[PDB]
Structure formats: structure tokens, C-alpha cells
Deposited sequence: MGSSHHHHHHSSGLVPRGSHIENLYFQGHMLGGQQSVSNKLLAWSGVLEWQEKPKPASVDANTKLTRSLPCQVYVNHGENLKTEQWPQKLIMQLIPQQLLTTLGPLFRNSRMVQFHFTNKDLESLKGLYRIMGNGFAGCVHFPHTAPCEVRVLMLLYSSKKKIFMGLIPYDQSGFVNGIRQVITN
């Protein structure tokens, strides 16, 4: 597949902060513009049960693949385990100025052993969606 971006994914456990280097691939045909992305992305694991009613918004998404460079397998095995239990990664893009991509959601299939990133086409809708699920 076609490499589109590399950088760091900072996993904040909020039980502290594990920092795991990773690549983002898209399909042979696909095209994505990652030059405006930061080198570091910040993630917090949330129960992926919460994502169910964001189903329609998630469906209107660009799907990407994450590949971890296995620098510290120790960190990665923690990620495999928690995400395998049913936790998805909310991934914030740090920006002081407004850019396109601000958030994606990272899901892990234990069967297929792949990390999928979902990038909502409607970024604002999605963040507001997250809010409306967790707010009361």
C-alpha cells in the first residue's frame, strides 16, 4: 500500500504518557494530503461501545491504515490488549491555527490484526457527535 505520513502517536493513559512511532498508509489508488498534519498526534482510548450512534457519521469517512514501527514492543502489547478488549482511540491533531483534519478514530481488529483510522469528512459534526454521546 501507499505511505502517506509518518510521525508519533502519543498515547495518554490517564489512569502515564506512552509515545509510539507510526506510519499511515492509504490504498494504491487513494490520495490524501498530509503535509499540513503535525508530526505528533495525541490519543486517548475510549470504549468503542460509545461510537455506535455515531454510526452514520463514521460511515461518511476516509479509511486509513496505521502501522506501528515496533520501536518498543512493550508499549504496543499494552495497546493490542486494551484496544482488543473494546477500546478505540480518539486521535486529536494539535493545531494552534485551523486546518482540515482535527480528529480521527482508531479501531483495532484482533482477528485481522490491523489498525484502522477513520477520518470523518464532516470534522465538526463528528466532534459535536462525540460531545453529545458523552454529555449526560
property: Deposited-sequence ranges lacking C-alpha coordinates, in sequence order; result: 1 to 39, 55 to 64
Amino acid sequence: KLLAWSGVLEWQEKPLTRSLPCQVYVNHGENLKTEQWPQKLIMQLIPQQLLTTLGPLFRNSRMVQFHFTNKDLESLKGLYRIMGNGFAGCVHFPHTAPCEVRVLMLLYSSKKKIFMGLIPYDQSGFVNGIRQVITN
From here on, numbers count along this sequence of modelled residues.
query	finding
Per the entry, higher mean C-alpha B factor between 86 to 94 and 46 to 54	86 to 94
Mean C-alpha B-factor comparison - 55 to 63 and 104 to 112, higher one	55 to 63
Relative C-alpha B-factor of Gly125, binned into the chain's lowest, middle or highest third	lowest
Entry-reported Cα temperature factor of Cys99, expressed as the chain third it lands in	highest
For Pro21, the third of its chain into which the C-alpha B factor falls	middle
CA B-factor ranking of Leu76, expressed as a third of its chain	highest
